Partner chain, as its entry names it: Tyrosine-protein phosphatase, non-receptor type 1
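Here's a solo chain for you in structure tokens, the form solved without its partner chain.
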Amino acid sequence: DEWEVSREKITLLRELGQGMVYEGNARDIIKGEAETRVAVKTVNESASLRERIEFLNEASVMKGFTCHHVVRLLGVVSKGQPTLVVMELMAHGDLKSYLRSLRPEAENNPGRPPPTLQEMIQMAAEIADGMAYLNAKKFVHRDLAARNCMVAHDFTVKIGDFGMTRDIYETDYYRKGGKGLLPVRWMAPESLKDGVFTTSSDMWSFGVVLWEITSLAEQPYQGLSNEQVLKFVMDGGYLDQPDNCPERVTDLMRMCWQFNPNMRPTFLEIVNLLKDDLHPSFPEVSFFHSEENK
């Protein structure tokens, strides 16, 4: 295990978010830093066997990823117990919490204004870039949502939470019909109907993330139950535009919610569309502009 870290090197400092995720200190985990502030994901004591398997699969999946716009795995403590999954600390947490913090009357308002158009475009491009990388690696995410995007110290947004991520190298799709605890308000109609997941169904969720950004993470299809959303979306229903939502973002959103998955854009197309409206560091860090995007 090239990913193995000595347990004595990890110190837990506080709880970040409920398996408990912790903020920790890790000594000698990153070259050139004697000690690094990290996030540490662990498994509940009462986690079912399915949950324990999925947690280990999630950690394993992360080992293959290297992208500025994807949350970095730093190491694994797997000798003895319990298993610690060590990753890049995202100083501003998840995008859903962050966005809700930016509401005018939010108790925890950080005293910074809500996102500008440029900032929303930057977020979009970063999320789409991370997803383009994921897709090129032949994985489908399956749970793309603001709550699973993370915000760095410099407000860079990165894809996280790979709990539902599946390898699609052989066929370009993952199919799982049946009953599950599922992110219904984020799911494509063909996923709901046929149980099929593809990069195009991740694109539907991307549309919902855009909607989250411009609504400051309102709940999608508010007033509708889970079972009504299921019916509504399968029947060709989609979300209405948020108040004062910029037209350019609306246009994108609608393209993401084409009923026919074949008609939705790809993640490379999203980045390409936005590429001239981004911070100058973007081509230095993006998968899009990288030699790997071949």
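Positions refer to the first chain, counted from 1. The term rigid core refers to the most C-alpha atoms you can superpose between the two forms while keeping them within 1.5 Å.
Unmodelled residues of the deposited sequence between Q18 and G19: 1 to 3. The stretch with the higher mean CA B factor, choosing between 5 to 13 and 269 to 277, is 5 to 13. Legend: mean Cα B-factor per stretch from the PDB entry, 140 to 148 versus 168 to 176; the higher mean is in 168 to 176. Take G130, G160, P104, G207 and read off each C-alpha B-factor from the entry; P104 has the highest. If you compare the C-alpha temperature factors of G111, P189, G195, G75 in the entry, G111 comes out highest.
Compared with the other modelled residues of the chain, the Cα B-factor recorded for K79 ranks in the highest third.
Among the modelled residues of the chain, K31 sits in the highest third by CA temperature factor in this PDB entry. In the deposited entry, the Cα temperature factor of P261 places it in the lowest third of its chain's modelled residues. Sort the chain's modelled residues by C-alpha temperature factor and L224 lands in the highest third, per the entry. In the PDB entry, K63 places in the middle third of its chain by CA B-factor.
Just so it is clear, the following notes concern the form deposited with its partner chain bound, a form of the same protein that is not shown.
Residues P104, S215 and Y238 are none of them found to lie within 4.5 Å of its partner chain in the deposited complex, as judged by heavy atom distances. Among residues of the shown chain, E269 is not one whose heavy atoms approach its partner chain to within 4.5 Å in the deposited complex. In the deposited complex, none of the heavy atoms of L13 sits within 4.5 Å of a heavy atom of its partner chain. In the deposited complex, its partner chain stays beyond 4.5 Å of every heavy atom belonging to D276.
In the deposited complex, its partner chain sits within 4.5 Å of a heavy atom of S281. Interface residues of 125 to 155, taken as those with a heavy atom within 4.5 Å of its partner chain in the deposited complex (partner not displayed): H153, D154, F155, in sequence order.
Only one of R175, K138, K79, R103 has its Cα shifted by 2 Å or more between the shown form and the other one after fitting on the core, and that residue is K79. Once both forms are overlaid on the rigid core, the distance between the two CA positions of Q241 between the shown form and the other one is under 2 angstroms.
In the core-superposed comparison between the shown form and the other one, the C-alpha atom of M263 has shifted by less than 2 angstroms. Once both forms are fitted on their rigid core, the CA atom of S46 lies 2 Å or more apart between the shown form and the other one. Between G177 and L239, the C-alpha separation grows by 3 Å or more in the deposited complex, relative to the conformation displayed.
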